[PDB]
Novice: 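Sharing a structure with you now.
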Amino acid sequence: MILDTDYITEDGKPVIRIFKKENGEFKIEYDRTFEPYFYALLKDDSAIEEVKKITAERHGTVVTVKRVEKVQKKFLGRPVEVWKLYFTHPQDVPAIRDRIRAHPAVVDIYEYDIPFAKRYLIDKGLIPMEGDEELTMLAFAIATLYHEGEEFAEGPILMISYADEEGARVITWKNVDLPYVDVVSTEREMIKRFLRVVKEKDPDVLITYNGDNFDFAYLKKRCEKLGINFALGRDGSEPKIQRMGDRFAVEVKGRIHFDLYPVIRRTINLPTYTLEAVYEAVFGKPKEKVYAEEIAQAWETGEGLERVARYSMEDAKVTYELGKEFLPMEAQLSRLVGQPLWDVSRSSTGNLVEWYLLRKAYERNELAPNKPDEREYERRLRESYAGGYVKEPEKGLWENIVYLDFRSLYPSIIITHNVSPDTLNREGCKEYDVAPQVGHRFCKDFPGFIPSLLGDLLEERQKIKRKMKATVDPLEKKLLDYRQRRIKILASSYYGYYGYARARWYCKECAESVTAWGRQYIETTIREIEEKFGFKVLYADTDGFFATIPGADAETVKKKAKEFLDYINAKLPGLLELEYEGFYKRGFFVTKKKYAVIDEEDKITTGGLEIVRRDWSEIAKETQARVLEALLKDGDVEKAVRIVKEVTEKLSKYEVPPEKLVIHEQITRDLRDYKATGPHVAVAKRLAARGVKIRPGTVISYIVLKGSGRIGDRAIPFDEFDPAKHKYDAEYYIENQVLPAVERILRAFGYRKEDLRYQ
DNA sequence: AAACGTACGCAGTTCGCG
DNA sequence: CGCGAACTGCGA
Ligand SMILES: [Ca+2]
Ligand SMILES: [Ca+2]
Ligand SMILES: [Ca+2]
Ligand SMILES: [Mg+2]
Ligand SMILES: [Mg+2]
Ligand SMILES: [Mg+2]
């Protein structure tokens with residue numbers, strides 16, 4: 001089983017290292033024969049003697065071409081002749097790259113920016129995470145002493161907890177009387193003891209939650225301040241910090257650092273992603289949270305530290321439990337893509353597509369297109385195209401609604417119509433498929449590059465969905481529902497990759513052909529169900545639509561819907577298929593992207609409403625939820641109007657807990673890049689002068705107080721709110737939070753804001 | 001060195017023009 | 001002084 005690959009340099013030569021786990025034993029295989037290379041397209045073969053003489057320099061090393069070789073390849077399915085240029089060290093490629101491209105006889109260069117370790121995995125046909133080997137796992141978490149305005153890791157680490165199959169333990173240097181706590185003398189002894197535990201346990205996988213940005217960087221700064229060699233790698237090395245766009249990433253040589261946070265962010269949809277929220281969302285059970293102020297208070301006063309150790313132990317225990325459930329899913333993704341679990345777990349969906357396309361290109365002798373240059377990148381950014389069809393809904397409260405959905409609409413269109421840049425506007429084909437409105441024709445004689453790969457991906461989704469019904473365990477059901485939704489997003493991201501400005505296989509024509517076909521298929525399906533089956537489409541987005549037959553019972557709508565499904569699916573060709581997704585007793589459609597329906601089991605589902613958004617106060621969400629329940633489940637409009645009146649009364653009388661008035665908004669840039677200033681930005685600028693570091697990703701939690709000026713003038717952070725001296729802006733939360741979230745719903749019954757507010 | 005798939009959409013905050 | 005627009009955050 002291949003776990004990871006990298007390369008080291010021995011006497012100026014690269015040495016590929018393959019970290020493996022075969023027969024329960026860890027092994028490092030070495031390879032000194034793999035040669036870095038990139039391709040070049042020449043105006044004439046006679047010029048190869050000049051390109052061989054082109055040199056460059058990196059550090060104090062002279063870079064030359066080691067060997068050339070003429071190769072017969074394909075570029076988007078067309079025969080092409082390129083020259084394969086070999087080199088000694090992979091770092092020779094970036095040093096000599098542009099000089100070779102700048103030669104007047106070199107048309108272009110190709111495949112010049114592929115990392116050496118990933119190139120090895122592709123060229124040798126190696127698939128990581130392959131086999132039945134059982135990987136040992138060990139999770140850990142840290143608890144630190146934090147104070148406002150201090151530098152990062154200025155205070156010491158207080159506790160280090162770890163968990164595996166043997167249980168969970170906490171190492172700390174203050175005496176805490178608990179059977180799972182090991183007490184040492186100093187912070188240095190604690191870090192050394194944890195380092196020994198890892199060396200003795202020798203886990204293949206180190207599991208963290210946000211270890212890429214906090215736990216590992218905190219341990220590093222603390223180790224260099226205390227002069228500790230943080231030797232965690234199986235080669236005796238220290239954890240290495242890497243840069244991936246905005247955030248950082250930590251790797252441990254010889255092992256797999258599995259950070260759950262990027263995985264959970266791609267797998268589950270939650271309002272907040274604290275460890276306690278993720279744990280309760282997966283295992284249904286609550287987890288207590290202890291904040292850094294209570295940790296610092298308990299440590300410095302010496303009172304209440306058992307509660308802190310319990311929170312630290314549960315942090316490691318829960319992180320291990322979540323790592324166990326989510327590793328096999330990420331391991332399968334590492335097999336589908338063909339890259340190490342470390343990269344696939346934190347990779348964005350764009351690179352998940354491209355890394356697989358790079359592997360498949362090499363398998364089919366297809367020369368890979370280059371990443372766009374600056375001029376082409378800016379050009380791709382400006383241009384856009386039409387997307388999905390969104391119908392202005394029929395507003396009001398409807399009954400006996402069915403939702404009909406297309407099964408993987410965009411992937412089905414790519415396969416059915418062979419939408420691919422190697423088939424777009426090809427010449428000499430016997431059969432073409434022309435996209436509506438945009439007129440792009442596509443060859444059907446042979447399976448296009450991307451379409452020849454989406455079928456298997458869709459097949460795995462149905463295999464997971466089939467096991468997603470035979471299972472009775474809700475835990476297995478949820479994890480399988482999680483995994484199949486992952487495959488749907490990945491398969492759908494193949495369409496988006498066509499419009500991704502950084503995509504190698506960028507195809508704007510392919511992208512708009514997919515959406516143009518999608519718009520035609522749903523518009524046709526809507527017209528058919530209304531003309532030939534007497535339905536009334538109430539709302540429609542990109543791949544699905546709600547509909548009903550007015551003045552008909554639930555049974556009539558169900559049988560007629562199933563009948564229309566037989567009709568329209570016989571007309572729809574290829575992989576285009578409409579499914580019966582659900583029936584709903586009542587439904588409300590506020591506007592585009594804003595709806596709410598209740599199924600026959602009294603379960604309410606909403607789309608786009610304030611109930612889902614995290615930038616709205618809790619009192620507004622709580623109020624909107626109760627209103628929707630009174631309308632969808634009880635059908636009592638006066639009870640819903642009543643509820644809004646009680647809330648506006650309780651707010652006006654200051655009887656609502658200020659906790660439900662907190663507004664959460666994320667800072668999306670540096671505080672200097674803000675052209676306009678709002679309540680959360682104005683508060684964040686106050687938090688900077690108070691000592692809190694503000695950066696993109698920082699969530700600002702503020703509350704609006706009764707006062708003068710703009711809302712930003714009245715906004716203060718919640719941690720500064722004292723209910724003894726501050727009276728919140730009851731008028732603001734009435735007029736700007738509760739009332740707007742419910743007025744657009746209750747307007748369909750004739751009610752205005754004046755009829756709902758308290759007087 | 002590596003670099004957030006895509007379009008469509010609502011709505012609060014602020015503030016100057018007419 | 002109410003409208004519109006620029007800005008902003010987050011929502012298949
Ligand atoms: Ca739905
Ligand atoms: Ca689907
Ligand atoms: Ca907002
Ligand atoms: Mg690596
Ligand atoms: Mg003390
Ligand atoms: Mg663009």
Side-chain angles (χ1 to χ4, degrees), chain A residues 90-91 93-94 113-116 118 242-249 262 265-266 269 271 343 346-354 371-372 377 380 384-393 405-406 409-410 488-503 505-508 510-512 514-516 518-519 522 539-545 590-595 606-617 620 663-669 673-682 696-697 699-700 704 709-713 715 732 735-737 740-741 744:
Chain A
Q91 257 149 41
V93 180
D113 53 5
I114 289 95
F116 198 50
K118 318 240 203 321
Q242 303 224 275
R243 283 97 66 232
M244 317 201 307
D246 178 17
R247 319 129 290 201
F248 284 170
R265 256 313 280 160
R266 291 180 21 254
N269 217 336
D343 306 80
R346 329 164 146 78
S347 170
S348 73
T349 36
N351 258 328
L352 291 183
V353 172
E354 198 155 271
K371 282 179 179 111
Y377 177 69
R380 294 170 175 186
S384 199
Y385 56 94
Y389 162 80
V390 188
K391 166 206 179 48
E392 186 64 55
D405 160 60
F406 274 104
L409 189 60
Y410 288 176
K488 160 182 207 122
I489 304 156
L490 180 79
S492 266
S493 308
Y494 271 76
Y495 142 78
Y497 176 89
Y498 278 152
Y500 184 31
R502 293 179 165 312
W505 282 269
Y506 178 81
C507 189
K508 188 220 139 194
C510 306
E512 70 184 350
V514 171
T515 58
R519 289 194 307 277
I522 189 169
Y539 177 51
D541 215 309
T542 294
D543 59 334
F545 67 90
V590 194
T591 166
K592 292 182 188 201
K593 316 274 179 176
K594 281 241 207 133
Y595 63 92
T606 88
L609 287 172
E610 287 77 18
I611 213 55
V612 171
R613 315 198 29 122
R614 29 153 166 152
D615 60 330
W616 283 74
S617 69
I663 300 172
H664 312 274
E665 286 186 284
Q666 147 176 252
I667 297 278
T668 56
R669 54 189 98 170
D673 295 318
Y674 274 115
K675 304 165 118 156
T677 292
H680 78 127
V681 167
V699 179
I700 299 297
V704 183
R710 319 157 279 197
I711 305 161
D713 303 321
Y732 168 85
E735 295 296 321
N736 298 55
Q737 289 279 315
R744 318 194 253 275

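Only heavy atoms go into these numbers, but all of them, side chains included; no hydrogens, no water, no symmetry mates. The chains referred to below are lettered A, B, ... by the order of the sequence lines, with proteins before strands, and numbering in each begins at 1.
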Novice: Counting just side-chain N and O atoms, does A:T349 come under 4.0 Å of either OP1 or OP2 of B:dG5?
Specialist: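 A:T349 to B:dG5 OP1/OP2: side-chain N or O found under 4.0 Å.
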Novice: Taking C:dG11 as the reference, what is the distance to B:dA3 when you measure between their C1' atoms (whole Å, please)?
Specialist: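 It works out to 25 Å between them.
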Novice: Without decimals, in angstroms, what is the distance between A:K371 NZ and B:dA2 P?
Specialist: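 So the NZ-P distance, A:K371 to B:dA2, works out to 8 Å.
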Novice: For A:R613, what residues pass the salt bridge (charged side-chain N to carboxylate O under 4.0 Å, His left out) criterion, not counting sequence neighbours?
Specialist: A:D615
Novice: If you apply the rule side-chain contact (heavy atoms from CB on, under 4.5 Å), what do you find for A:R266 with A:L352, and how did you get there?
Specialist: CA-CA 12 Å; A:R266 291 180 21 254; A:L352 291 183; 3.7 Å; yes
Novice: Rounded to the nearest 0.5 Å, what separates atom CG in A:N736 from atom CD1 in A:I663?
Specialist: 8.5 Å
Novice: Do the side chains of A:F116 and A:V93 get nearer than 4.5 Å, heavy atoms only?
Specialist: no
Novice: How close or far is atom P of B:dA1 from atom CD of A:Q242, stated in whole angstroms?
Specialist: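 Interatomic distance, CD of A:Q242 to P of B:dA1: 13 Å.
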Novice: Specify the separation, in whole Å, of atom CG of A:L609 and atom P of C:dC10.
Specialist: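 Answer to the nearest Å: 18 Å.
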Novice: Using a cut-off of less than 4.0 Å, is there contact between a side-chain N or O of A:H680 and OP1 or OP2 of C:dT8?
Specialist: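 Negative; the distance criterion is not met.
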Novice: With a 4.5 Å limit on heavy-atom distance, are the side chains of A:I667 and A:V681 in contact?
Specialist: yes
Novice: Indicate for each nucleotide in nucleotides 8-15 of chain B, in 5' to 3' sequence, whether protein heavy atoms under 4.0 Å reach the base (B), only the sugar-phosphate (S), or nothing (-).
Specialist: BBSSSSSS
Novice: Decide yes or no for A:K391 and A:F545: does some side-chain heavy atom of the first lie under 4.5 Å from some side-chain heavy atom of the second?
Specialist: no
Novice: Between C1' on C:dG9 and CZ on A:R614, what's the gap in Å once rounded to a whole number?
Specialist: 9 Å
Novice: Would you tell me if any nitrogen or oxygen in the side chain of A:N351 comes within less than 4.0 Å of OP1 or OP2 on B:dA3?
Specialist: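 Yes.
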Novice: Kindly give the atom pairs (protein nitrogen or oxygen, nucleotide nitrogen or oxygen) under 3.5 Å for nucleotides 5-7 of chain C.
Specialist:
unit_1	atom_1	unit_2	atom_2	d
C:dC7	OP1	A:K675	NZ	3.2

Novice: Given atom OH of A:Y595 and atom P of C:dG11, what is their separation to the nearest angstrom?
Specialist: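 Computing the A:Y595:OH to C:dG11:P distance gives 14 Å.
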Novice: Please state whether the phosphate of C:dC10, meaning OP1 or OP2, lies under 4.0 angstrom from any side-chain nitrogen or oxygen of A:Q666.
Specialist: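 For A:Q666, the contact criterion (side-chain N or O under 4.0 Å from OP1 or OP2 of C:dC10) is met.
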Novice: Ignoring hydrogens, what is the shortest heavy-atom contact between A:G387 and A:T515? Give both atom names and the distance.
Specialist: O-CB, 3.5 Å
Novice: Distances under 3.5 Å between protein N/O atoms and the N/O atoms of nucleotides 1-4 of chain C, please, pair by pair.
Specialist:
none

Novice: Using salt bridge (charged side-chain N to carboxylate O under 4.0 Å, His left out) as the criterion, list what pairs up with A:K594, not counting sequence neighbours.
Specialist: A:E610
Novice: For A:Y674 versus A:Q666, what's the shortest heavy-atom pair and its separation?
Specialist: OH-O, 4.3 Å
Novice: In whole angstrom, what separates A:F248's CZ from B:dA1's P?
Specialist: 17 Å
Novice: Within this structure, what is the CZ-to-P distance between A:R380 and B:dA3, rounded to whole angstrom?
Specialist: 17 Å
Novice: Roughly how far, to the nearest 0.5 Å, is the CD1 atom of A:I114 from the NZ atom of A:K371?
Specialist: 6.5 Å
Novice: Are any of A:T668's side-chain N or O atoms less than 4.0 Å away from OP1 or OP2 of C:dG9?
Specialist: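 Yes, A:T668 has a side-chain N/O under 4.0 Å of OP1/OP2 on C:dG9.
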Novice: Could you tell me which residues satisfy salt bridge (charged side-chain N to carboxylate O under 4.0 Å, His left out) with A:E512, sequence neighbours excluded, listed by chain and number?
Specialist: A:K508
Novice: Provide, to the nearest angstrom, the distance between the CZ atom belonging to A:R243 and the P atom belonging to B:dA3.
Specialist: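 Atom-to-atom, A:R243 to B:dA3, this comes out as 11 Å.
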Novice: Give the ring-plane orientation class for A:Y539 versus A:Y595, where under 30° counts as parallel, over 60° as perpendicular and anything between as tilted.
Specialist: tilted
